[PDB]
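Note sheet for the following structure.
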Amino acid sequence: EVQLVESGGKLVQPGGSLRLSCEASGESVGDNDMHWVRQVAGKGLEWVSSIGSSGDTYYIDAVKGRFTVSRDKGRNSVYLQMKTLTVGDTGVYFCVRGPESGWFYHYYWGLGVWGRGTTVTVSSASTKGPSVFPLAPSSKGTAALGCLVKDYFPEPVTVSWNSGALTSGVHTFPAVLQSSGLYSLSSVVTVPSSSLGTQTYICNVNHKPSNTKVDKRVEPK
Amino acid sequence: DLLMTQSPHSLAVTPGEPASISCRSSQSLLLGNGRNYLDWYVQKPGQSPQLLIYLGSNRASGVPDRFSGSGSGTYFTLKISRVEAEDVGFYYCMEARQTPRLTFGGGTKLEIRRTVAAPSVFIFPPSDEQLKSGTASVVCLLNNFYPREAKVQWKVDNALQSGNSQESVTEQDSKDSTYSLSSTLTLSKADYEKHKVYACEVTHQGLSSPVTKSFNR
């Protein structure tokens, strides 16, 4: 079984350049066509570029001449070099394993294997780490508590609870852009009201774009 | 260029009932080997896309027999014979006739219909830590409700607020098909300290009347 891991997505100035990597593990993808597919705002899929086993490449018109796909069979990897980036290039970029090059007329099984994606943000705005505030459980069954993760850029932020031990009842809301241009979100969890006195609740916030890792204790006030 | 058109853009289906989604290509996807180079993918909340159907009508490995694909040439249909809650997501067709060049359809959102569920409502005051920095965020949570439509009104000392709140809503849950929603009221520290009673009033079909949660600063 092949697994694909993309990396290199980050915040970049308009007009700037960025190189994405896709590392395959498990088996060689050297004989496969490899594809880049992008997605804006968690909706829509756009095929962007592909490379064959022999290093032959293909591009959509919107990126031709600005994007270059390449590969390295010894590292079992594929690369996407982006230049003269525009806001229209912002999005999540997936690496996807295609059929064996040159064989699709005889053996085509669909696009079986996708990476998790890497996020590209084209903007002149600065990186900014979040502030994390408790949403304290009410003193007054089921109780809710959470963490407010405020004023950060770019996406994404991840939130876990109790270092991943607590997953039932967790809702981490989609980030919303404020008028300032900064994102904010909340993560909440519902827990037995009887556990509020005896159980510790810690929200683990990671904003990797700003190197921010914060643990916030959330307790009754 | 080859264009891929999906229909409908969205549909909502009761579990147990069928769903049908179509894809139309501007050019035939049938090649001389008798095969139609059209795939279907699903993208579930929080996940990467996954293959459902390849070459028009072939279920991919692991895909249950509720999913079927049909069609030929330029028109293709994905049918889910009996929809389940876990099917919620976006469905995409994709042409591979131009391999290694590919083209995705615009996607179809599948929503799940279920019985009315009233939200549980919670209000959170701003933390002492935030207030120092000159800002006050007040958060109202609506947990596990259906249908999606919900109205949240903020009142400060019984005065209706407008222009100073933002909402966020979760994607429909894959197990219970409900939504959760947050509404956040942002005030300056000075404005927050001018008033005493903070309230969020929630109107929803599952409530017997609007529910107000409140606190005194």
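Here, each number is a calculation from the coordinates, and none is a lab measurement. Virtual Cβ from ideal backbone geometry, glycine too; neighbours counted across all protein chains shown.
Could you put A:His106, B:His195, B:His204 in order, starting from the residue whose Cβ has the fewest other Cβ atoms within 10 Å?
Working: A:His106 10, B:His195 15, B:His204 22.
So the ranking, lowest neighbour count to highest, is A:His106, B:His195, B:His204.
Apply the Karplus curve 6.51 cos²θ - 1.76 cosθ + 1.60, θ = phi - 60°, to the phi angles in segment B:205-217 and return the couplings in whole Hz, x for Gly and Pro.
4, x, 8, 6, 6, x, 9, 10, 10, 8, 8, 9, 3
Would you please give the residues with an amide H less than 5 Å from that of B:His195, counting only those at least 5 places away or on a separate chain, with H modeled from the backbone geometry?
When sequence neighbours closer than 5 places are left aside, there are no close amide H contacts.
For A:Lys10, what residues show an amide H to amide H distance below 5 Å, using hydrogens built from the backbone and excluding near sequence neighbours?
Those qualifying (amide H under 5 Å, at least 5 residues apart or on another chain) are A:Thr121.
Give me the one-decimal nm value for the distance between modelled label points at A:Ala41 and B:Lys44, 7 Å along each residue's Cα-to-Cβ direction.
In this crude label model, A:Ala41 to B:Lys44 measures out at 2.5 nm.
HN-Hα J couplings of segment A:207-221 from phi, Karplus 6.51/-1.76/1.60, θ = phi - 60°, integer Hz, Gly and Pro as x?
10, 4, x, 10, 6, 9, 10, 9, 9, 10, 5, 10, 9, x, 7
Run the simple label-point estimate for B:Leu2 and B:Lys175 please: 7 Å along Cα→C-beta, distance reported in nm.
The answer from the label model is 4.1 nm.
For segment B:1-28, list residues with backbone N below 12 Å from a point placed 7 Å from the Cα of B:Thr115 toward its Cβ?
none
How high is the FRET efficiency between B:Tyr75 and B:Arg217 when r is their beta carbon distance and R₀ equals 56 Å, given to the nearest 0.05? Show your work: numbers first, answer last.
Working: r = 62 Å, r/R0 = 1.10.
Between B:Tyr75 and B:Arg217 the formula returns 0.35.
Using the Karplus curve 6.51 cos²θ - 1.76 cosθ + 1.60 with θ = phi - 60°, what ³J(HN,Hα) values do you get for each residue of segment A:110-122, in whole Hz, with x for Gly and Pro?
x, 8, x, 10, 10, x, 7, x, 10, 9, 10, 10, 9
Work out the mean other chain Cβ neighbour count within 10 Å for the residues of A:170-176 and drop it here as an integer. Don't skip to the end; give the middle numbers.
Numbers: counts 0, 11, 3, 10, 5, 1, 6.
Per-residue shielding by partner chains comes out at 5.
Which semi-axes, in whole Å and largest first, does the equivalent ellipsoid of segment A:74-194 have when worked out from the alpha carbon gyration tensor as the square roots of 5 times its eigenvalues? Provide the component values of the computation, followed by the final result.
On the way: eigenvalues 301, 106, 24 Å².
So the equivalent ellipsoid measures 39, 23, 11 Å along its semi-axes.
What nm value, rounded to one decimal, do you get for the distance between B:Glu17 and A:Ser179 when each label is placed 7 Å out toward the C-beta?
Each label point is offset 7 Å from its Cα along the Cβ direction, giving 4.2 nm.
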